[PDB]
Amino acid sequence: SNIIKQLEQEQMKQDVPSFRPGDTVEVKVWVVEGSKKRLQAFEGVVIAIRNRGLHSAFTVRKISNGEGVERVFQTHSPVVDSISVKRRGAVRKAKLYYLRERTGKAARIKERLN
Amino acid sequence: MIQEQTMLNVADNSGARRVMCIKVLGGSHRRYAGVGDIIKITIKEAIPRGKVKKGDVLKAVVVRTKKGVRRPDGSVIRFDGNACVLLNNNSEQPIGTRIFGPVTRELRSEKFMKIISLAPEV
Amino acid sequence: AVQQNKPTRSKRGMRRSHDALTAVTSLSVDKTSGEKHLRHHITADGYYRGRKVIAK
Amino acid sequence: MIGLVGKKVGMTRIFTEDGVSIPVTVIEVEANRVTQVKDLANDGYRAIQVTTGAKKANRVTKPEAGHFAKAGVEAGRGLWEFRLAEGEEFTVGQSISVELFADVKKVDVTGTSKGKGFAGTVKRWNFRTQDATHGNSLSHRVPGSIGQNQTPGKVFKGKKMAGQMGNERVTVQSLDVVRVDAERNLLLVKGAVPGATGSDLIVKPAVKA
Amino acid sequence: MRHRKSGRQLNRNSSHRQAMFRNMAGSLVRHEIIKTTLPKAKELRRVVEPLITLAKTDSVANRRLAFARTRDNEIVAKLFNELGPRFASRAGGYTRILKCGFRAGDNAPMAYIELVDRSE
RNA sequence: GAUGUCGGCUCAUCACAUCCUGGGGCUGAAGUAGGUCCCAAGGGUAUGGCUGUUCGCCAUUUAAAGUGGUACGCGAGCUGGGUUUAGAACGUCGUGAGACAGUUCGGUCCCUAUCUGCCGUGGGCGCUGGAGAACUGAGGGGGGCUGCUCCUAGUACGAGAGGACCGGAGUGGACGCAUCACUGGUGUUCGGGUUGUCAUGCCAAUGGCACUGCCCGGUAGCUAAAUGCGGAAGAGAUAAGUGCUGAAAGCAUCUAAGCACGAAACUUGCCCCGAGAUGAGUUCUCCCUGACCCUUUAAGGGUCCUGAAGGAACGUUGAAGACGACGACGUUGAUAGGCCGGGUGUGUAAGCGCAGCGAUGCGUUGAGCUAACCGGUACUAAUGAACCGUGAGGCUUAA
RNA sequence: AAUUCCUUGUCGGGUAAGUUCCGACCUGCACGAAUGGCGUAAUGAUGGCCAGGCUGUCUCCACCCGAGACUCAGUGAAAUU
RNA sequence: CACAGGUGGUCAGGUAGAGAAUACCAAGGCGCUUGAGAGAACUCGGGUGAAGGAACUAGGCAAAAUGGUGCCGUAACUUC
RNA sequence: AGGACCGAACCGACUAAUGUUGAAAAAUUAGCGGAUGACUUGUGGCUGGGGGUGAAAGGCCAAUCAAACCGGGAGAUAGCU
Ligand SMILES: [Mg+2]
């Protein structure tokens with residue numbers, strides 16, 4: 001798959017910050033309303049990361065007005081502008097789907113200092 | 001992804017707390033109502049002394065689903081519950097004034113502008 | 001579930017026309033021992049491609 | 001106008017600046033070398049035979065070897081034919097490249113679909129399964145009734161039943177051309193196309209458009 | 001549907017399959033030549049060759065991995081003491097399958113599997 | 001000397017007396033919306049509450065929820081609610097045994113497919129010297145549904161209320177094909193956590209067993225809920241219908257001659273199969289260019305030499321496959337396993353050191369391990385051979 | 001009504017929609033007092049109805065693990081005709 | 001029938017467990033008298049399942065689910 | 001204390017699937033009722049066919065029951081096939 005690898009790495013971004021599941025992350029995504037274009041911030045907990053080169057994605061959860069909201073960003077999409085790690089969390093699993101069942105004080109993640 | 005018999009929360013101050021979808025409007029043999037799709041609902045729980053009351057049959061619009069919406073770049077927005085906004089039968093305007101919880105841009109159509117205007121997010 | 005009419009000798013033979021056994025086309029001769037063997041199988045004495053790779 | 005023969009490298013996507021993701025099949029089309037021109041007089045219709053790829057010099061047989069030597073081209077992995085639309089001309093030995101699809105907006109892609117083998121009626125024909133419970137005896141995915149009672153007294157020809165599925169010629173029509181790359185000999189086409197990765201594909205301009 | 005799948009079921013459940021290949025790998029390492037069925041030898045390739053490859057670098061962790069996959073300290077000792085040094089210059093291909101006719105009892109195709117330099 | 005009954009499920013198929021969509025005449029057709037009649041069977045043609053129900057009522061839909069035939073289609077396809085056994089009870093009748101086209105509760109549905117048929121897939125021979133490909137296309141099958149919104153246009157029409165034809169664009173529902181880039185499901189062949197117990201001499205570490213013990217994730221593949229595509233346009237001949245010219249019959253008249261339109265119906269155009277199309281077709285390429293005998297002389301038989309092109313067989317095998325078959329490869333070699341590198345997944349191995357009384361924590365360390373994946377690599381296995389297939393291919397006439 | 005033909009009687013409750021169920025009524029075709037009448041706590045592999053939970057029952061099926069099915073070697077039936 | 005059935009009484013180890021339940025083991029005894037492959041339809045016995053959650057059906061049939069110990073709390077009605 | 005409660009052995013048999021030329025002329029798997037009693041079970045005995053026995057189903061009386069099985073009257077009779 002040399003050809004597909006070349007086509008993909010032609011488009012892969014370069015400035016993707018390193019982050020791990022359990023890290024609180026802010027994602028700035030472009031939004032178009034009519035003709036104007038603007039940035040919208042989505043801040044939440046990284047609960048899943050899929051590493052597949054150009055097809056890499058990651059899910060971010062936030063409690064928006066009582067109800068949870070999960071957004072699965074595609075890390076190399078031009079729609080997503082910047083990613084920033086706001087807090088380094090300490091977990092032991094690659095995927096944190098148990099936070100769906102958890103709520104409140106139980107949903108806290110210890111901060112990392114490694 | 002909303003069918004018949006499925007329970008929905010209410011994301012408005014019309015009074016109803018929980019409603020049940022009894023027909024997915026559109027075409028014949030249509031299966032599912034996604035976000036932005038009109039449904040026929042029956043009210044199963046309502047606060048006393050509200051605009052609507054238990055047992056009422058009227059229309060609603062799906063504004064949140066657990067199945068989520070897909071964006072053109074391929075992202076998915078999922079929610080922890082399915083919620084709708086009640087509408088009048090013959091005018092399709094919302095019954096209530098306030099909208100609670102976020103919505104999506106799939107309601108960016110000339111008819112749901114009043115929902116988008118008073119939504120707290122998106 | 002079951003016949004209504006007894007099938008014949010003729011139909012029996014026609015059904016059995018595909019039961020013939022295919023004899024072995026040609027046996028391979030070992031270069032060292034000269035024994036006949038199935039191709040890609042070792043000889044009865046334990047040779048294969050001229051080498052005696054068998055304990056016995 | 002004529003098409004070309006390539007292979008299914010696989011599936012990827014193209015991100016556009018607008019924020020959309022386009023799923024593309026990558027079709028590798030090398031130079032199609034013309035091995036024979038058919039004309040109305042000798043053959044009865046206007047066509048060009050083409051070959052592509054390489055083939056082992058020991059696995060090319062003498063008949064095909066001489067057929068390629070007649071046109072003076074190297075032996076490929078097969079031979080395909082394309083009908084000429086009454087205005088175009090080709091000569092034996094010419095090499096047609098991917099640049100033929102420089103201006104083509106939509107294409108039709110023909111290939112051999114993935115083979116599913118012996119397929120039951122539920123999978124092959126979208127038959128609805130009977131009840132999994134409520135007394136059902138050994139009749140969960142069975143086809144059900146297959147005819148009337150003794151007035152026809154027969155099963156009608158062409159009835160939907162179980163059998164071989166896939167591994168058959170399939171064409172997908174009116175697929176957008178996303179990118180035509182001469183240097184790397186590539187054609188990116190929107191959407192899935194028939195067959196497995198590494199299988200031969202015939203790409204023509206769209207007939208309907 | 002078997003598209004691009006690996007491994008033969010061999011008409012056994014996974015537990016029996018693992019136990020059988022553990023025993024058979026022990027036998028092959030012990031004797032250096034065993035008569036089995038042809039498909040069983042084809043799978044014994046995949047079971048035994050990774051173990052000999054593991055037996056190249058002699059460390060306690062590799063010893064414990066080999067013991068986890070073999071459950072025979074004699075086999076682990078023979079691997080790390082003899083077959084590691086023996087095959088240390090070979091890039092795979094530690095084994096050889098020779099077809100040897102059919103079994104009388106059930107007409108099953110038979111094969112000898114051997115270590116490529118046993119000298120016995 | 002047995003043709004299983006009602007309803008339901010699965011699967012359907014024809015008719016047309018058309019339910020929707022198309023074409024048209026009239027209208028008590030101003031417009032929207034209708035009614036009625038004629039042509040039209042291509043495609044489409046509800047979900048639930050109640051009841052054993054078909055029906056029916058009701059709720060909510062749809063463009064529409066057509067009417068009938070097919071053993072009131074369909075039990076060697078399913079069910080067994082109802083009817084139509086044996087138990088029991090109520091009302092009624094009868095002195096009673098019992099009975100009831102009253103009601104109630106309960107109450108065994110067998111069949112391994114020989115033939116026809118049908119869906120798939122092979123072997124043989126044939127097609128006239130053999131073989132390898134690529135085709136033409138006679139013929140056959142598939143497919144053909146439609147809503148809503150906006151523009152034309154608040155125009156035509158209309159006192160207003162309302163409100164188009166024709167044409168154009170977008171966006172949907174149901175259906176169909178393909179596929180795995182994405183979102184997911186699965187993933188008892190990958191990693192980890194943990195309970196009980198046995199074990200490897202013991203600690204430590206691992207293994208077995210308990211539904212994969214129970215769980216948490218998750219590769220490739222397969223897959224839908226995921227995402228691409230499609231139904232056409234066009235042409236020809238027409239149905240009802242509309243006409244132009246035009247006599248019989250000085251006029252009039254679509255018709256008698258002649259001419260022009262006219263529908264989702266027909267034939268094509270779209271996709272698939274397709275030369276056993278025995279009417280067995282066409283094109284390109286490859287191959288075989290030796291002597292003798294015999295006699296019922298013929299498209300005859302026999303011995304020796306020769307055995308080509310190719311095939312088949314065998315082996316390593318496949319995103320091909322029930323088995324055949326089909327594709328790739330066999331040392332002039334990447335065909336399979338291994339190996340190396342990467343990738344992905346899991347989530348910081350073991351050993352050791354340090355802290356703590358200890359559970360345990362920190363460092364080495366994003367570590368160890370990692371199936372099917374990607375790129376490479378002859379390490380192992382794909383053998384010198386043998387086998388089938390011949391030796392120029394009939395007659396007649398004609399150029 | 002285990003009893004009511006007309007009958008899906010009427011009104012109400014519950015459902016968006018209730019021939020079933022619950023409550024009341026009384027024109028009881030054709031209840032009724034030890035072939036017992038009317039109630040009744042507890043008991044029931046008892047009939048009917050409703051609700052929470054739960055779910056592949058279902059929309060609509062997908063993938064997986066085993067036993068057959070399929071091929072190979074051995075042995076080798078049956079109904080029926 | 002070398003047949004998944006029936007057949008009275010006695011013996012009763014360890015770990016966990018209320019237990020003669022149950023799991024893993026000891027003594028002791030067995031792998032059940034056709035096998036080898038392959039990994040289609042379909043059938044049988046199981047595992048998991050997005051969104052919904054009885055819309056299935058004559059009927060929640062069947063499945064899913066609950067399930068232990070201690071403490072707290074415990075309705076109508078009742079023959080107390 | 002209890003014809004008390006949950007639950008193994010033991011006794012049974014409500015539902016479903018399988019099987020129905022079955023592994024089995026009534027069973028298997030998963031669930032299910034009782035489980036100190038009107039319980040269950042071994043050994044022996046008694047009741048005999050117009051008879052027995054029956055917490056009563058015309059149930060059971062050796063895979064046979066609105067009148068067992070064996071032998072006989074007997075070649076019953078058969079306006080029927
Ligand atoms: Mg079943």
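Within every chain, numbering begins at 1; the chains are lettered A, B, ... in the order of the sequence lines, protein sequences first and strands thereafter.
In this structure, A:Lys13 places its NZ atom where more than 12 heavy-atom neighbours from other residues, nucleotides or ligands lie under 6.0 Å away. Around atom NZ of A:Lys86, more than 12 heavy atoms belonging to other residues, nucleotides or ligands sit under 6.0 Å away. By the neighbour-count criterion of 12 heavy atoms within 6.0 Å, atom CG of D:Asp103 is sparsely surrounded, having that number or fewer from other residues, nucleotides or ligands. Taking a 6.0 Å sphere around CZ of A:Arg92, one finds it holds 12 or fewer heavy atoms contributed by other residues, nucleotides or ligands. Within 6.0 Å of the CD atom in A:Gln6, the count of heavy atoms belonging to other residues, nucleotides or ligands exceeds 12. With a 6.0 Å radius and a threshold of 12 heavy atoms from other residues, nucleotides or ligands, D:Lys159 has its NZ atom above the threshold.
Within the 4.5 Å cutoff, the side chain of A:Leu7 has heavy atoms near those of the D:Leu186 side chain.
Residues of residues 35-62 of chain A lying under 4.5 angstrom from chain D, judged on non-hydrogen atoms, are A:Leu54, A:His55 by number.
The distance from the CD1 atom of A:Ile3 to the CG atom of D:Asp181 is 10.0 Å, given to the nearest 0.5 Å. Interatomic distance, A:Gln11 CD to D:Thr12 OG1, rounded to the nearest 0.5 Å: 7.0 Å.
Looking at D:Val9, both its backbone and its side chain come within 4.5 Å of chain A, counting heavy atoms on both sides. Using a 4.5 Å cut-off between heavy atoms, D:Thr197 does not touch chain A at all. Both the backbone and the side chain of D:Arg13 come within contact range of chain A, judged by heavy atoms closer than 4.5 Å.
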